[PDB]
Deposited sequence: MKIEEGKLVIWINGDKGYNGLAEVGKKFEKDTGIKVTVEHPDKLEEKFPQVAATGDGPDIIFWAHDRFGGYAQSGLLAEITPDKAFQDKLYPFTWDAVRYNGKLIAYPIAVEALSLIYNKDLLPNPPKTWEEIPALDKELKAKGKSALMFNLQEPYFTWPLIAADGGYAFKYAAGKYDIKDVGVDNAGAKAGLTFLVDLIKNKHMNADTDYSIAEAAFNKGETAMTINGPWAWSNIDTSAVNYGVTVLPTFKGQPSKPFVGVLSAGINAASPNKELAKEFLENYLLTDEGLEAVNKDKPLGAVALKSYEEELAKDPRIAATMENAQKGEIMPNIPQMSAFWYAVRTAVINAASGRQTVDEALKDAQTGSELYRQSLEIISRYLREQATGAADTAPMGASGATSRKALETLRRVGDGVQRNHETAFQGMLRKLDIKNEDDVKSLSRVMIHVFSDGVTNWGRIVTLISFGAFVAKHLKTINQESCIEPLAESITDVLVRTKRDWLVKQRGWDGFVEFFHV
């Protein structure tokens, strides 16, 4: 077991109030003798799943609720079991964001939404519409100033515009069959952003650091940022307001709402100290004030302390923008949707891809997991039982049908030609229950990993998976077919993601074996 016992390590993002969090760790250490280390590593949302998976990493991880469903799906988080007394101290909707398969997987800390931030000295009336920002930039450019600068490297900041005229991630429970990443509304919003860049009103290269510096030295009239950014603006002496985001096509910008949440590592031998630090030290008037004094949290989940901060108009603007937005879903494929949209916005902005090209590729990566499982689960199940699934694939399922048709035709030959080799490998792997199926996964990455990438090898993997599903059903282990399909899908899309999207995904597969 790698994680040290008798002490707490905390991971929190570098835009957050980590010095304030460390003051609450000092107060925990002063009362219990347990040293709390707070770190803010780069890409901790990428690195937590990698190190947690091997029993390593921090005791507590802080991030918006959107990444927590994937970590729970991978068994990287402890179940949070606060009593009714502690649960009543926080807003029920904040608890809704940290509930996954009916289990609390984290402690909610604060509701974050993007607002529009403007220089009252340059722009006494901020724009009501996105459409008027070009004329405003022209006007401010004559004065050696610019209208707007925000981070174009993170899809988070651009999403409100993309979602305004009907863009969305998963239709709402959440329908992961229904992805709205390349709909007319999404094209309209992202096209308007590329047009601002084309007409020199914004810069494709602008990241968080550049946008913050330009706003805080009064070079740009406007930025798009969250509560965490107010501290640095306070220091900079800029007379700023926090207001409702400008509308697009007469409709509000819908910011993706995040709930800063604290998760407990499953591998942690200090889960009792972590529960005690989070419930009785951090989630208190004194604890949330210590963190908020460093960098504002936004609208905190703690009712007592949220009553006080509600009077602040910048919080009111945050909640107004939050109402017009959507609570982010916490489902496992959020990570793949964010990765896909990040790439789409960066490519459309730089002109490497068109808005049509970029958003189509992001709609493929957003659907790739569910689309792959649908094909593999149906193939494995129909091979095991001898009867096809009657149910319809759905509205976007023309690809799944042709891909299953191609897999049937192409992959039945592979089962026949490799029968002897498959039987040899299935005998040598002693499969017999869900436990034995857990083993297999480890094998398949090792095998599917260090080899040349082609549709031929993808077919062999799925074909051997069907062969194992046939065996599973034969020994009354038919319930293990759905998890084996999940594991084959997991190996394939987690390791070949970038290749599968370059091949137009399953359309590429049908195209490749067409005759």
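No C-alpha positions are given for the deposited-sequence stretch 173-175, and it is the only one.
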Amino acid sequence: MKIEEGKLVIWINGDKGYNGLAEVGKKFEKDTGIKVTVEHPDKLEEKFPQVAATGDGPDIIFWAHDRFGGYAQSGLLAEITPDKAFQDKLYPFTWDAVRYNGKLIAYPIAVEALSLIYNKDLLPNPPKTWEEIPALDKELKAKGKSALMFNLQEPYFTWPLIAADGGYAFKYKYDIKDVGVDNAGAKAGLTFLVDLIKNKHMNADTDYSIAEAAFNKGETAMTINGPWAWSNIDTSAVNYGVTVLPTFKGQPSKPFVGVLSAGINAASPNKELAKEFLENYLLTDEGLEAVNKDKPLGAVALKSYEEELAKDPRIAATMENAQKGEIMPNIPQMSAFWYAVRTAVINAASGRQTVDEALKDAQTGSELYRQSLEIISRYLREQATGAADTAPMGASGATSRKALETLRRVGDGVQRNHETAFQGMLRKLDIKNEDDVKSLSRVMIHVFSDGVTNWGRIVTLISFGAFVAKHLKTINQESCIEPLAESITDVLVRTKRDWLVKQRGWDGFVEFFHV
From here on, numbers count along this sequence of modelled residues.
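Heads up, when I say rigid core I mean the largest set of C-alphas that superpose within 1.5 Å between the two forms.
Once the structures in 8 other deposited structures of this protein are superposed via the core, the pair 432-440 and 141-149 is resolved in favour of 432-440 as the more displaced stretch (C-alpha RMS).
Of 273-281 and 409-417, the stretch whose C-alpha atoms sit farther from the shown form in 8 other deposited structures of this protein, after fitting on the rigid core, is 409-417. Notably, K173 is an intermittent gap: at least a third of the other compared entries of this protein, restricted to those modelling both its neighbours, have no coordinates for it. The stretch 163-171 shows the higher mean C-alpha B-factor when 163-171 is compared against 255-263 in the entry.
In this entry, 76-84 shows the higher mean Cα temperature factor of the pair 76-84 and 222-230. Residues shown: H40, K470, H446, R67. Highest C-alpha temperature factor in the entry: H446. Annotation for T284, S441, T247, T206: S441 ranks highest, by Cα B-factor.
Placement of the Cα temperature factor of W499 within the chain: highest third of the modelled residues, per the deposited record. Among all modelled residues in its chain, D436 ranks in the highest third by Cα B-factor. Annotation for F422: CA B-factor lies in the highest third of the chain's modelled residues. Placement of the Cα temperature factor of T399 within the chain: highest third of the modelled residues, per the deposited record. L429 sits in the highest third of its chain by CA B factor, as recorded in the PDB entry.
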